[PDB]
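Inside the fold
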Amino acid sequence: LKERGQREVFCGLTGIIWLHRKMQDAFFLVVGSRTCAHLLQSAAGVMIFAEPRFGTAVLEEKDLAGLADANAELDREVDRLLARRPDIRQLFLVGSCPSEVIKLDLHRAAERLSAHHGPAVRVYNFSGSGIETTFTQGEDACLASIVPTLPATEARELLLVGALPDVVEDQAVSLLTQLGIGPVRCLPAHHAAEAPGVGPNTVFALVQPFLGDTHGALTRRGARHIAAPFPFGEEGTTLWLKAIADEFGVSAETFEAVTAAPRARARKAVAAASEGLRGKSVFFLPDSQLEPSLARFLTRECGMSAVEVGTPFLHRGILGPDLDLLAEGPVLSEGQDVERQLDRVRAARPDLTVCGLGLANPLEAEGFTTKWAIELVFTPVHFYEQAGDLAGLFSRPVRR
Amino acid sequence: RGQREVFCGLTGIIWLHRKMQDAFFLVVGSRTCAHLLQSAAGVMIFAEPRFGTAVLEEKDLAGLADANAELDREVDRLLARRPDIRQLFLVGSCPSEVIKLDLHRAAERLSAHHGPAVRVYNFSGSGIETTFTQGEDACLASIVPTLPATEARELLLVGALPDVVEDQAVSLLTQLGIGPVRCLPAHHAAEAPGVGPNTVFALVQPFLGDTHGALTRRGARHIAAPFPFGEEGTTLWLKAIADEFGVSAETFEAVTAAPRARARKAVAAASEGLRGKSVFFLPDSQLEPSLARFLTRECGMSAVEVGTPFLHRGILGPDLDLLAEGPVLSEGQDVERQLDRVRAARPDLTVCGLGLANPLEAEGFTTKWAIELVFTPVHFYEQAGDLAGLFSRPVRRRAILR
Amino acid sequence: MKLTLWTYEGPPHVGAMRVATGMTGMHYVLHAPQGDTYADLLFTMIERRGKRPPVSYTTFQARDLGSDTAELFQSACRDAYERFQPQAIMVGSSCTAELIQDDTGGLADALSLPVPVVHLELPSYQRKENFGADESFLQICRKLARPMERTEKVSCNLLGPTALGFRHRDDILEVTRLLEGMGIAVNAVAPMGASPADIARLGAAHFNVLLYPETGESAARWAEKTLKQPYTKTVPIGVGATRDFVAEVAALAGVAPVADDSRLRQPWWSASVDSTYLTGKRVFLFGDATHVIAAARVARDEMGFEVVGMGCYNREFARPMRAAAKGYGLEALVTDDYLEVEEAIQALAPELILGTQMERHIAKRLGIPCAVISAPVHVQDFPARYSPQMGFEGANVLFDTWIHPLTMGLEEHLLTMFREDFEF
Amino acid sequence: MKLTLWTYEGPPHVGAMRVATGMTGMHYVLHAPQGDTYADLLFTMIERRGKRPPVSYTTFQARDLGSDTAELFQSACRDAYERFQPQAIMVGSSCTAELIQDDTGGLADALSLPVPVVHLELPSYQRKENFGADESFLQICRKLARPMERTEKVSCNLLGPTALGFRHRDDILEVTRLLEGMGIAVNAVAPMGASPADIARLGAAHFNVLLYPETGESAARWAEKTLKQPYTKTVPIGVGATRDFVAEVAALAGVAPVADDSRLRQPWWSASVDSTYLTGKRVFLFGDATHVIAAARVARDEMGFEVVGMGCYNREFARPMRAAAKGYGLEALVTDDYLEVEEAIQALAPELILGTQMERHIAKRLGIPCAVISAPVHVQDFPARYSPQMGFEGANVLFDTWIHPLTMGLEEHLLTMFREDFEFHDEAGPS
Ligand code: PMR
Ligand code: PMR
Ligand SMILES: [Cu+2]
C-alpha cells in the first residue's frame, strides 16, 4: 500500500545491527551490493569499529555473469572467515536485494556450508532484502531461520521470543519465575548452549511487536501464541504478565504480590514523564512496527491524543491483543508513500510526530516536535521497570 | 646591574618536590610568587602537588607575630591533611624577606609542636637572594646541617638528579668497586646520609654551590671532576671519582666501555644537524659552561658567550679546563645588553630564557629553551646523545620550515 | 565477493545523490528498491540538511519486479515533476534496477518532460560514490551548460564542492573570500549551491577553479574543451598550497598575486618554541587523494612532521598519489580496506595517524593520537563552527586540529608522570 | 591565610602588563625584584606574542636599600625610554616593590620624561589581575584620552579587549564584523590593538561598546562621565544575547538592526533530532563572571541544558552573578579557591563542567565532560584557528566546543557498551 510511492522503511538488514548484539556467537554474512554494504556501515554507525560480525561480502562484477561460480566463491570466503573467526558457531547468511535478483540459492548455499562445516558451525540462511522485508521484519526472518532447527520438545515450556537487552529479558524471566513456574527458553539464544526446546506444547511468548511471520513459523512446530497485549506500559506489560501467568496458571494473589513493587515502581515514573505528554496530538509514521503498541500505551497513559497510528505491516492475530486497548479514534491506515502521511502531518499539525529518521529532521525544521522510532529498538524500554523511561524518551519537550 | 631575566629560586621547588618526596614546601609570600609556582608547574598543580603559597594579605603584613601564629595554624592544618609529610620546608620568598618574617625561628617554633616526625627546615628561594637554580642549591645546603655524620669513606654525590639516572649511576659506580654511595635502596625514605671527615662528595649538578660550602663546613671532601653531562664530562667524572675513592682505572676501562661507545655513537648520530653552528650560551641557569664543553668539543660546536648568573669557579674550574678559552664567559647579566650581543653576533643556536625564546626566535635565531636541561635527563652516558638531540632539534626544525 | 566490513566509499548513486542534494531544485529521481532511501539519512543527519533531499526512490518490492518497475519509474518522474516541481531532473538506477534493466533514459524521454532531464548511466558494481558524483556532474554539465559570452568582469566557477563533503560548505566560503581578495569574482559555485540556471551560466566564466578534483575533474576537463576554460590544478590546502594557488589563479585571470595573509598564524604558531617536540614525529596520512597529498605537503614542510606512511583509497587518483609518495620517499597505499592500512600502521606505529574515521577508531584501538582530514566522517566531524580546510584560515584549522591529539598526549603523559612514582 | 596551590586571578601587576602589552608603544616600567620577570614568559609563551612584552623590570637583586631601589627604578625608566621609544610610559610597583618604600610616580616625573607617564597604584595584597588590568586601563584613559569632536560617521568603541584574554582576538574580529556590517565603524579598539594615539582618539567615538566588562568597565564609566559616551552593557555571547546586543547598539547609534545570521548554524543544529539528548543535562558553570552569565543564558535557552551551579572567581562582579543565579533558581558560588569548586562539583555531580583550566582538570579527575569557558587557561586553549566567542560565529563555536566533550563521552561510552567490552554477562532462561 505505497500507492507506487516512496516507502521510507529500511531493508530488513538493519535489524542485524541488534541481532548480532543478541546472539553473541552468531555471524551474519550479507551478500548485498555496495548499497547494502553502505547501509550496514551507516545504520550500524559505531558498530563497525569494534570487529562486528557484519560480513557484508559485496558481490562484484565477477559474481555477475555467472551463478555456480558465485556460490562456490561464497563457500570459499565463508571458509576463510571461519578461519579468521573460529569462535562462531552459527553463521547467518541473509538474503539481500542483489541476492534476490540474481537468484542466489541462499538455502542451498547454507546447506552445503553446513554440510562441509558440520555441527560445529550451524550456518543458517534467511531473507532480509528490501524487495521482501522492511526494517524489523529482518529480525523476524532471522529468528524464523533457527526455528525449525531448535530441538523439538513436547513438554510444556515457555519461549521468550524476543531480543530484549539482558536488563530487560532477565527481569522478565525473574518476574515470570516469581509468579509462574517459568520454563522460559529465550528463542534468541545468548549462546548456542541455551538451545530452546521449541515444540507443540512449548507455547511461545511473543514480546517484540514487529514479529509477524515468527508467529507462523513457531506455530508450525505447534508453539501457540498467547493473546497478550504487548509488554510496553502500565496496560501492555500488566496484561502481558497476566495472560502469560494464567496461560501457565497463577493465582491472582501471587500475581498481585509479584507485580506490586513493579506497579508502584512504574506508576510514579510514567506520571512524572507524562506531564510533558499531557493532552497533545501524536502522529506515528510507518518506520518500525511498534506503533500500535506505543499508541496503546502512550495515548491512554500519558494522554497523547492519537491522530494517526501508521504501520508499514499491519497484523490481525498478533496485534489484536494490544489492538483491543487501542482506541478507535486513531486512523489505522497502513504504510503509505511519504507524501501522503507527510501532507497529513502538515494539515493536522501534531505535537509529537514519531516517524522515520529521514523525516525526523525535516519535520523538526517544519515545526513538528519529532521522536524517531529508530531509537526505540536500541534503547531498553520494553518492560515494566523501563515504562517510565519510555515515556521520558517520548516526552522530548526541548525548549529552544 | 639592569634588567635580569632569571626567575626566583622557587622554581627549584618544581623539581625538588618530585625528586625529594615526602617534603612539603610552604613558599610564604605574596600572590605573585603564588602565580609563579602556578605557571611554572603548569600541569603539576592538578596532580596534588606538595607545595603551595601561604599568601600574606595586608592583615598578615604589619604584625610579624600575627603572621607567625597564622603560619603555625596553617602548618598544623596541612600536616593534619598531609600526615605523610616527613620534612616540611619553610622556604622564604621576596615578600617574606622584606617583611623580614624569619622562617628560621618559625621552624624552631613549630619543629616538634605538631609531631617530631616532620623535620621542618628553612631555606630561601626568594628572588632577592637566589637566582633560579640557586633554589635547589639553597634547599640542599640547608639540608646539610641537619644531616648526620659518618666514619667511613662515603661518596656524597648530591641527589639532585632523576631517580632512574641516579640508579644507573650508582649501579656503574658501585660496579667500580665503591661502597657507600648515598643511594638509599628504596629512595622513598629520608636518605639521611652521613657526612663526616672522610665523607667525599662529588658535585653532580653545577648549580649546587652553597651545598659545596656546607659539605666543606662538615669536613667533607669535594671532587674537582668535570660534570657528568656528555661524554668527556661523564668519563672524566667517573675516572676522577674512581681515583679519589681509591679505585684503579683498569676495571674502569672495562666497566663503562660499552656506555662510552653508546654516548659517543649517539652524540655522533645527533650532531649531524649540529655542524659548526655558533652557540650564544645566554646566562639563564648558571648551568651553561658544563653544557658548553660538551657542545664545543665532543659535539663539534662553536661557543661564543658562555654566560652565567653566578659563577662558582671552585666547582666550575674542572669543567672549564676542557673548555677552549676562546669563548668568553659572562658575569654581567642584563638583557639590555645580552639581546644586543645576540643580535649582533647572529649565533645560529642560542639558549635564551623562555620569555626571551619566542622573541629571539622571531629574529632569525634558533633558540634552545633552557628550562628543559634542569628538568630533563641530560646526565651521564646513555643521556648524552639525548642532550645533543635536544640541541640539534631547533636547527632541524628551522631547516624544515626554512 | 570480497568480504567488506567498512567500505570507504558508498555506491555511486550515493554520489549522484550528493550532487543533487548539494544544488537547489534538481530532483534526482531513482529506480531503487524499497529501503534504499537510507541514503537520505546521511544528508539529513550528518549534513543536517533541513529539507528532505530532492530525491524520489521508486521503492519497488516483491510485487514489483517486472514492467511494473517501469510503470513505477514513469509515475515517479511525472509525480516528481508536478509535486516536487524542479527546473532540472535526473534519472538512474541502483544496484537492483541496474540488474533489472528498465531503460531509465528511455522512460524519462517517454514522459518528455518540459524541464531538462539528465540521463545518468551509473555502473553500480565496479565504481564508487566519488565516481558517481563526478559522472553525475559531468552529465548535467553536458546537458545544461552551453557555451556563452564571457562575463565582462573576470570570473571563475568553483567546481567540486558537494553536499556531504568534508568541510565543503566552509571551504567554499574561504576560497570565495580569497578569490574576491585577489579580485576574481565567483561566477557560480557548482554543484554545492548552484541552480540549473547557474549551471546554464557556467560557461560565462573565464576559468573554472577545481576545489575538489574528486568530484570536479571530469567537469573541469569537459569544460576545458566545450567552454574553452582552463582550470587550476593546485587545491589550496595549507600555506604552501595556498601560495601556489594564489599565484596560479593570478596567472589565469591576469590580476596581481596579492592575497591578504593577516590571518595566517600557523607559520608563527608552528615555528614557536612550543612546537619543537613536533619536529620529526611520524605520521600516517590516509584518505582522500587530494586531501592526503596536500596534508603531506603541510606535514613535512610547514609543521616538521616526518611522514612515515601514506595511503589513499581513491583508486581513480592513484597516479598523483603514487607520484607524491615517491616525492616524500614513501610508498603509497592505494587500498580500499581497513585491514591493509591497519596492518600498515601497526608495522609503522606512527605517533600521529590521521585520516578517515577508521583511522581515528583503530588509532584509539591502538592507543595512538588520532586526527581527521579525509572524507568518510560522522555527524561530529561535520561541525557547526567555521572550520574551512583551504586558504589561510584553513591552514590554521589544520594546525590546531592536527596538534590537538599531540597536546592531549603530552598533557596526559605528564599527568601520568606526575603524582606517580615508586611506592618504596 | 591559605595554602594557595591554584589561584584563578594573578597579581595586579600582571593585569597591568596585560593592558600594557596589549597596546602598541606603551612601556610598563615596573619596580620588581629580580625574578618577577616570569610574567613576560606567560605572555610570550601562552599567547605567543612575537615581540617581547614591552615591559621593563627594575630588578633589584639585593640592593634593597631605598636609596638604591629608587635609583634602579629611575635608571630603568629612562633606559626604557630611549631604548624602546614608546609614545607613553606606564610605571607602577609590584609585590615587594609595594613593600619597599618607593614613589612609583614621583621619580618618573622627576626624570622629566617628555612622553606622558601614567602613574599607577596597584595594591598588591587586596586586589587581583582583573582589577589591575581595569585600573591600568582607567589610568591610560585619564592620561591620554581627551574629549574631542564626534566623528561624522557614528563610531563605536570596542572597549575592553586586552592581551592574554580568553579569545580576545577572534572575538573582536567577530564583533567588528557585526558592527560594521550594520554600518557603525569602530574608532579605536582600545587595548589588544590601540596605540596611545588611539587612546588619544577615544574621545571621538559616539557610543562605547563594553566588550569584556571586567577589564574595561571602569574605563567605560569614566568615558560615559567625561567623554559623554554612552556604553552598551550586554555582552553578545550566544544568539539571544547577540540579538539583544545588536538591537542595543542600533538604538545607541540610531541605525537599523540588520543581522547577518546567514552564518548562524547553532540554533538550527541545537534544534535537531541528532542532539535532543541534551535536554536535562546538569551543567556546572564556573569562570569569570561575564563569561559565566553569558554561558548561563546560552546553556539554559539555546541548548536546553539545566544549569545546576553558577560560580565565579572574581568577587568584583559578584552582584550581577548572584542576580543571575537567583534568576536561574540557583545560588551563586563566588569564590577564589579551587577547593570549594571541587566540593560543589562533587556534591552536585554534574554532567558538563564548563569552567576555567582548573575546572577542566577537576572534570578529568572526576571523569565528567569538560570545557573551557573562561579566562584562566594554558597555551592550548589559545588556538590559532578563528575561535571567537561573541557574535553569531561565536555562537557556532560555543555550540561545537560545548558539545564536543559530550560526544566524546557518548562514543566512548558506546564503545564500552558494545560487545567488545560487554562479553561478561549472560543468562540462560531461568539462569
Ligand atoms: C542508515 C543510515 C543511518 C545512519 C546515518 C546511522 C547512524 C547514526 N544514526 Mg541511526 N543511522 C542510520 C539508521 C539507523 N540508525 C541506527 C542506529 C542508531 C542509534 C542507536 C542512534 C541513531 C542515530 C544516528 C546518527 C546521528 C547521531 C549519531 O551519530 O549517533 C547517526 C550518524 C542517533 C539518533 O537517531 O539521534 C540521536 C542515535 O542515537 N541511530 C539504526 C537502528 C538499528 C538504524 C537502522
Ligand atoms: C608561560 C608560562 C609557562 C607555563 C604555562 C608552563 C607550563 C608548561 N610549559 Mg613550561 N610553562 C611555563 C613556565 C615553565 N614551565 C615549566 C615546566 C615545564 C617544562 C620542563 C616543560 C614545560 C613546557 C610547557 C608547556 C607545554 C606548552 C608550552 O609552554 O610550550 C606547558 C603547558 C613543556 C613543553 O613546552 O615542552 C614540550 C616542557 O617540557 N614546562 C617551568 C619549570 C619551573 C617553567 C619555567
Ligand atoms: Cu579531545
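The rules behind each value
- Residues numbered from 1 in each chain as written, not as in the entry; some residues may be left out.
- Chains lettered and ligands numbered in written order.
- Part of a larger assembly, values for the part shown.
- Heavy atoms only, no water.
- UniProt positions renumbered as here; feature names shortened; annotations may be inferred.
- Near = heavy atom within 4 Å.
- Polar contact = N/O pair within 3.5 Å; in protein donor to acceptor, adjacent residues only side chain to side chain.
- Helix = DSSP H or I, 4+ residues; strand = E, 2+ residues; numbered from the N terminus.
- Nonpolar A, V, L, I, M, F, W, Y, C, P; charged D, E, K, R; others polar.
- Contact = heavy atoms within 4.5 Å.
- Buried area = accessible area lost by both parts, 1.4 Å probe.
- Salt bridge = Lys/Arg side-chain N within 4 Å of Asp/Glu carboxyl O.
- Buried < 20%, exposed > 50% of the residue type's maximum accessible area, 1.4 Å probe, protein only.
- Pairing = 2+ DSSP bridges.
- Axes fitted to C-alpha atoms, helices over the stretch in contact; angles between N-to-C directions.
- Patch = residues over 30% accessible without salt bridge, like charges linked within 9 Å, V, L, I, M, F, W, Y side chains within 5 Å.
- Areas by Shrake-Rupley, 256 points an atom, 1.4 Å probe, with all protein chains shown as cover.
- Expected span 1.5 Å × (residues − 1).
- Bend = angle between axes of the 7 residues up to and from the residue.
- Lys, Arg positive; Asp, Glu negative; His and termini not counted.
- Charge placed at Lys NZ, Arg CZ, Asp CG, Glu CD.
- Right-handed = clockwise from strand over helix to strand, strands pointing away.

As recorded in the entry header, the structure was determined using cryo-EM to a resolution of 3.68 Å.

For chain C, the PDB entry supplies the name Light-independent protochlorophyllide reductase subunit B and the organism Cereibacter sphaeroides. According to the PDB record, the title of this entry is "CryoEM structure of DPOR in the presence of ADP-AlF3". As stated in UniProt under Function, the record for chain C gives "Component of the dark-operative protochlorophyllide reductase (DPOR) that uses Mg-ATP and reduced ferredoxin to reduce ring D of protochlorophyllide (Pchlide) to form chlorophyllide a (Chlide). This reaction is light-independent. The NB-protein (BchN-BchB) is the catalytic component of the complex." UniProt annotates chain C under Sequence similarities with the comment "Belongs to the ChlB/BchB/BchZ family."

The name given to chain A in the PDB entry is Light-independent protochlorophyllide reductase subunit N, and the organism recorded there is Cereibacter sphaeroides. If you open the UniProt record of chain A and go to Sequence similarities, you find "Belongs to the BchN/ChlN family."

1. Observations concerning the site of ligand 2
Close to ligand 2 lie 16 residues, the nearest being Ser39, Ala40 and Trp369 of chain B, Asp274 of chain C together with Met45 of chain D. The residues that come close to ligand 2 belong to more than one chain, namely chains B, C and D. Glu372 of chain B places a side-chain nitrogen or oxygen 3.3 Å from an oxygen atom of ligand 2. Breaking the shell around ligand 2 down by element, the ones donating at least two residues are α2 (31-41) and α17 (371-375) of chain B together with α2 (38-46) of chain D. It is α2 of chain D that contributes the most residues to the shell around ligand 2, 4 residues altogether. Of the residues in the shell around ligand 2, the class split is 12 nonpolar, 2 polar and 2 charged.

2. Observations regarding the interface of chain D and chain C
Of the residues lining the interface, 30 residues belong to chain D; the matching set on chain C comes to 31 residues. Of the roughly 3000 Å² buried where chain D meets chain C, counting both sides, 55% is carbon and sulfur surface. When residues of chain D are sorted by the area they lose upon contact with chain C, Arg48, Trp269 and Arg385 of chain D head the list and together hold 25% of the total. Applying the counting rule to chain D against chain C returns 1 salt bridge. When the shortest N-O distance is used, the salt bridge between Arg48 of chain D and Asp274 of chain C registers 2.9 Å. In this structure, the connection of chain D to chain C is made through 10 residue pairs in polar contact. Looking at the side of chain D that touches chain C, the elements that each hand over two or more residues are α11 (266-270) and α16 (392-417) of chain D. For the side of chain D that touches chain C, the leading source of residues is α16 of chain D, giving 9 residues.

3. Some details on the side chain of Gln389 of chain C
All names here are of chain C. Tracing the sequence through the fold places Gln389 in the loop between β12 (370-372) and α16 (391-417). Here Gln389 falls in the buried class, since its relative accessible area comes to 2%. Apart from residues no more than four positions distant in its own chain, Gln389 is found in contact with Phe166, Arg167, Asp171, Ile237, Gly238, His291, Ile373, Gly394, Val397 and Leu398.

4. Re the sheet that holds strand β2 (residues 51-55) of chain B
The strands that make up a sheet are held in pairs by hydrogen bonds between backbone atoms, and each pair lies either parallel or antiparallel. Taking strand neighbours across the sheet as the criterion, the 4 strands line up as β3(B)-β1(B)-β2(B)-β1(D) in an open arrangement whose pairing is mixed. Single-partner strands in this sheet number two, and they are β3 (87-92) of chain B together with β1 (3-4) of chain D. Running at roughly 160° to strand β1 (residues 23-29) of chain B, helix α1 (residues 11-19) of chain B makes contact with β1, β2 and β3 of chain B of the sheet.

5. Description of unusual backbone geometry
Following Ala190 of chain C, the chain continues to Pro191 of chain C via a peptide bond in cis, the omega torsion being -5°. Phi is positive for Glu51 of chain A, which is not a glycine, with a value near 30°. Note that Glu51 of chain A resides in the loop between α2 (34-44) and α3 (68-84). Of note in this structure, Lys228 of chain C is not a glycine but carries a positive phi near 55°. Relative to the assigned elements, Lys228 of chain C resides in the loop between α9 (213-226) and β7 (231-232).

6. Focus on the interface of chain C and chain A
Between chain C and chain A, the residue contacts involve 56 residues of the former and 59 residues of the latter. Summed over both sides, the interface between chain C and chain A buries roughly 5000 Å², with carbon and sulfur atoms accounting for 60% of that surface. Applying the counting criterion to the chain C and chain A interface returns 4 salt bridges. In this structure, the connection of chain C to chain A is made through 18 residue pairs in polar contact.

7. Thoughts on the environment of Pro330 of chain A
Residue and element names in this part refer to chain A. Relative to the helices and strands, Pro330 is located in the loop between α12 (320-325) and α13 (338-347). Sequence separation of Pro330 and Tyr124 is 206 residues, and the distance between their C-alpha atoms is 40 Å. Each residue touching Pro330, except ones within four places of it in the same chain, is listed here: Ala306, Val307 and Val309.

8. Re the site of ligand 1
Taken together, the neighbourhood of ligand 1 is formed by 14 residues, with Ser42, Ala43, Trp372 and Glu375 of chain A together with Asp274 of chain D sitting nearest. Per-site note: the chains with residues close to ligand 1 are chains A, C and D. Within the side chain of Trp372 of chain A, a nitrogen or oxygen atom sits 2.6 Å from an oxygen atom of ligand 1. In this structure, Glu375 of chain A approaches ligand 1 through a side-chain N or O atom, which is 3.0 Å from an oxygen atom. Secondary structure elements with two or more residues in the shell around ligand 1: α2 and α15 (374-378) of chain A together with α2 (39-46) of chain C. Its residues placed into classes, the shell around ligand 1 shows 10 nonpolar, 2 polar and 2 charged.

9. A few points about a nonpolar patch on the surface
All names here are of chain B. A contiguous nonpolar surface patch, about 190 Å² in accessible area, is contributed by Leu311, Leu320 and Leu329. Along the polypeptide, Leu329 turns up in strand β9 (residues 328-330). Overall, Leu329 belongs to the partly exposed group, its relative accessible area being 34%.

10. Focus: the arrangement of the chains
The pair of protein chains exhibiting the most contacts, out of 5 pairs of chains in contact, is chains A and C. In this structure chain A stays clear of chain B, and the shortest span between their C-alpha atoms is 33 Å.

11. As for the pattern of salt bridges
Under the definition given, this model contains 40 salt bridges over all chains. Residue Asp340 of chain B is joined to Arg83 of chain D by a salt bridge in which the shortest nitrogen-to-oxygen separation is 2.6 Å. Here the residue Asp340 of chain B occupies a position in helix α15 (residues 335-345), and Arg83 of chain D occupies one in helix α3 (residues 66-84), the pair thus bridging two chains. By relative accessible area, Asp340 of chain B is classed as partly exposed at 29%. Taking the relative accessible area as the measure of exposure, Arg83 of chain D reaches 30% and is therefore partly exposed. Here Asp336 of chain D and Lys128 of chain D are joined by a salt bridge, their closest N and O atoms 2.2 Å apart. In this pair, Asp336 of chain D is assigned in the loop between α13 (318-327) and α14 (338-348) and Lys128 of chain D in the loop between β5 (117-119) and α6 (129-144), connecting sequence segments 208 residues apart. Overlapping salt bridges bring together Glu339, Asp343 and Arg346 of chain A together with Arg83 of chain C as one network.

12. Thoughts on α16 of chain D
Over its 26 residues, α16 of chain D extends 37 Å from the first C-alpha to the last, a length consistent with the 38 Å expected when each residue adds 1.5 Å. Within α16 of chain D, the axis deviates most sharply at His404 of chain D, by approximately 30°, and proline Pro405 of chain D lies no more than four positions further along.

13. Remarks on a positive patch on the surface
Residues and elements named next belong to chain A. A cluster of basic residues, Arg263, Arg265, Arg267 and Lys268, forms a positive patch on the protein surface. With respect to the helices, strands and loops of the structure, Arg267 is situated in helix α10 (residues 252-274). Look at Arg267 and you get partly exposed, because its relative accessible area is 40%.

14. A look at a negative patch on the surface
A cluster of acidic residues, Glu97, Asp102, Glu108 and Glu129 of chain B, forms a negative patch at the surface. Looking at the secondary structure, you find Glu108 of chain B in helix α6 (residues 103-109).

15. Examining the pairing of strand β6 (residues 155-159) of chain D
A regular strand places its side chains on the two faces of the sheet in alternate fashion. Residue and element names in this part refer to chain D. For β6, the buried fraction is high: 5 of the 5 residues fall into the buried class. A two-sided burial pattern is seen for β6, the buried positions comprising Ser155, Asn157 and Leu159 on one face and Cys156 and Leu158 on the other. Where β6 lies against strand β7 (residues 185-186), 2 bridges are found, and the strand directions are parallel. Its bridge partner being in β7, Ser155 is matched across the sheet by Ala185. After leaving β6, the chain enters helix α7 (residues 170-182) and then returns to the sheet as β7, a path that is right-handed.

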